[PDB]
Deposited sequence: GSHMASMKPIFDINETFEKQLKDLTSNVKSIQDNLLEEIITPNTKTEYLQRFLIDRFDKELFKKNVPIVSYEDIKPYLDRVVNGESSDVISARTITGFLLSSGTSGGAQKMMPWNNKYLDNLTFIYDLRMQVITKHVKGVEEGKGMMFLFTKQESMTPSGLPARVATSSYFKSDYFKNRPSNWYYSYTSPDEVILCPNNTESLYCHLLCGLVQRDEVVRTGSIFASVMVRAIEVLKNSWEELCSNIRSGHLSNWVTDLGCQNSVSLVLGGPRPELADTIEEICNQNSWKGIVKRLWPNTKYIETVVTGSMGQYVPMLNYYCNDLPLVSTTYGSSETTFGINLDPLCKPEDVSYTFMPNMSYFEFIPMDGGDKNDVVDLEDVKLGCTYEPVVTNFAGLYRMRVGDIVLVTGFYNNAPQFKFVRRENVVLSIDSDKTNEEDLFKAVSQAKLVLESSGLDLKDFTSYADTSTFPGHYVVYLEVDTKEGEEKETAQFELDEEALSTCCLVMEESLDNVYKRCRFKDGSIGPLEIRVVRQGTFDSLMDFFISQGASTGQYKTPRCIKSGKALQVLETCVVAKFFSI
């Protein structure tokens, strides 16, 4: 695989020139856009670009985005025609952010998919003849006034020929038929994922999903669905409640006919006392689990390890709605040691120092410092120039001349389970809308609880008590969160009812003691030991609905 090795060494050594070339490739055709004309960028000139083009947040350039979303010519901001939009997890004052998009995003994405396939096969053997049980989902598109579809990045891929006509090798070979993957009903599709996977269990040499929250759900759903799956296996008939015609036709063929011996074989595996190692006992030829376990997904590692008998957890890719950033070049590492190596062909990257270790104002990709934290700044192929990503990364090293980054967190996010990234700003709002029912009927922090599936939000409050009021304080707190939450909470089942746990009096003063025992009360708490002081000063619990 000499082509790959060469390709990678080239990418990682020539970082500076590739970036400078990329920048020219983006700027040159865009010099007559309204946006670039405004900032006097009449030619490729790197210092003029850095001097005169502003660093922006989503909010700074929103009037431009709204124009294209509403139907105005793409050439306001990009001479590469905007053919759609990406719906970000991140929000802007309630609404999801809508990033401009075209097929360059998928060119980059498929480049990354091919690259990471080569990285994986270099290190992991025994996968080239098997298939993957990948829990992949399509979310249905939202329509814009322009007539262009807004989708999630990964659905932008599934709904395209980049997916339909993908390469014909092991890495693109799944136990599930494409129809299952394309099913907009994810409850139906996940059931079918499991069912097709069980049918073809011996062939499974890997499993996973984009994020670890989803792999966890696949296993929890399996636990709650296995008797039904096995009946379908026994009979050779998919269950009637699956409405999707594509799933109906496609899964029926995988089933093929009554398999009462395979059903018994699976029933007997599932009936063991413990669920420990279940993934590997049902799919014994699995070599790894392919899923993101970095950032807030790290909270799922022990559970993954429990179900998977310490199969390697390979966390390959760091990407976003603005752009795909890069990959993990050391896939067999532990999750807490995962760094992502940005690829210089993805977009032109700058970085804003988030600490004292770098006193510069903004720096190029090749100038970032070891141990230093930065916020990435992206210039891409769809009309984004020098936009803040609102993530925080830490430089852990350099692979040749390619900086490697540990993902620290998304700026301002206090609560995450699954897809939702609830910002502090969202939590103030809702806890202002709870203060009303407490101001009429009759401090605070939060934790993300994933001890049960589905994970759920926990808010501590500092007030017997009625359960009209406090139950309705759970409700308003939920209903004032974002559409990502609500899709996760009401449609997908990735999130259960928000919990309100009332603190004792003085707990919200002896909490000012907590980090004193280390002012500003945290609106989230991760510290296991400080979860202790909270969990023992609860006088009552209440939930949403």
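No C-alpha positions are given in the record for the deposited-sequence stretches 1-13, 456-459, 481-493, 549-554.
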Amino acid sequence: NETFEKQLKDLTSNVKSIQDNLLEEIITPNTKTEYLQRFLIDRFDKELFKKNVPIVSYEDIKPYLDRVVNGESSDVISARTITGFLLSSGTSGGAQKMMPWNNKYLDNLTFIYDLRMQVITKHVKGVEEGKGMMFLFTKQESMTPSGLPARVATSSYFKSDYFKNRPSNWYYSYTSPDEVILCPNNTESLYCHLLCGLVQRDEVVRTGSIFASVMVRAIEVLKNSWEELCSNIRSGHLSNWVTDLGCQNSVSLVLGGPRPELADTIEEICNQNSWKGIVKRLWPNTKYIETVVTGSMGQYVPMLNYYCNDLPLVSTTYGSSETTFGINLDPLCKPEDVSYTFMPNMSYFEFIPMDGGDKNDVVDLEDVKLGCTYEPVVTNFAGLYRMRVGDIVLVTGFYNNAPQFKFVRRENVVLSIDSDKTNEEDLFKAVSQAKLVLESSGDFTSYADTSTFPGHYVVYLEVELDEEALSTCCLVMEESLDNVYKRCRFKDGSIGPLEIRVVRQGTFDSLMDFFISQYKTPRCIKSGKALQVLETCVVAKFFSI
From here on, numbers count along this sequence of modelled residues.
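Throughout, rigid core stands for the largest set of C-alpha atoms superposing within 1.5 Å between the two forms.
After superposition on the rigid core, the larger root-mean-square Cα deviation in 5 other deposited structures of this protein belongs to 424-432, not to the other of 424-432 and 161-169. Displacement analysis by core superposition in 5 other deposited structures of this protein ranks 448-456 above the other of 448-456 and 325-333 in root-mean-square C-alpha distance from the shown form. The records show that residue 53 is included in the coordinate set of every other eligible entry of this protein, so it is not omitted in a third of them. Residue 483, modelled here, also has coordinates in every other compared entry of this protein that models residues flanking it, well short of the third needed to call it frequently missing. Between the stretches 59-67 and 475-483, it is 475-483 that shows the larger average CA temperature factor. A summary of the deposited B-factors shows that, of 528-536 and 11-19, the stretch with the larger mean C-alpha value is 528-536.
In this structure the maximum Cα B-factor among 321, 250, 412, 316 is found at 412.
Per the PDB record, 94 has a higher Cα B-factor than any other of 353, 167, 257, 94.
Annotation for residue 382: CA B-factor lies in the lowest third of the chain's modelled residues. Sort the chain's modelled residues by C-alpha temperature factor and residue 182 lands in the middle third, per the entry. Residue 276: CA B factor lies in the middle third for its chain, per the PDB record.
In the deposited entry, the Cα temperature factor of residue 490 sits in the top third of values across the chain's modelled residues. Ranked within its chain, residue 35 lands in the middle third, by CA B factor from the PDB record.
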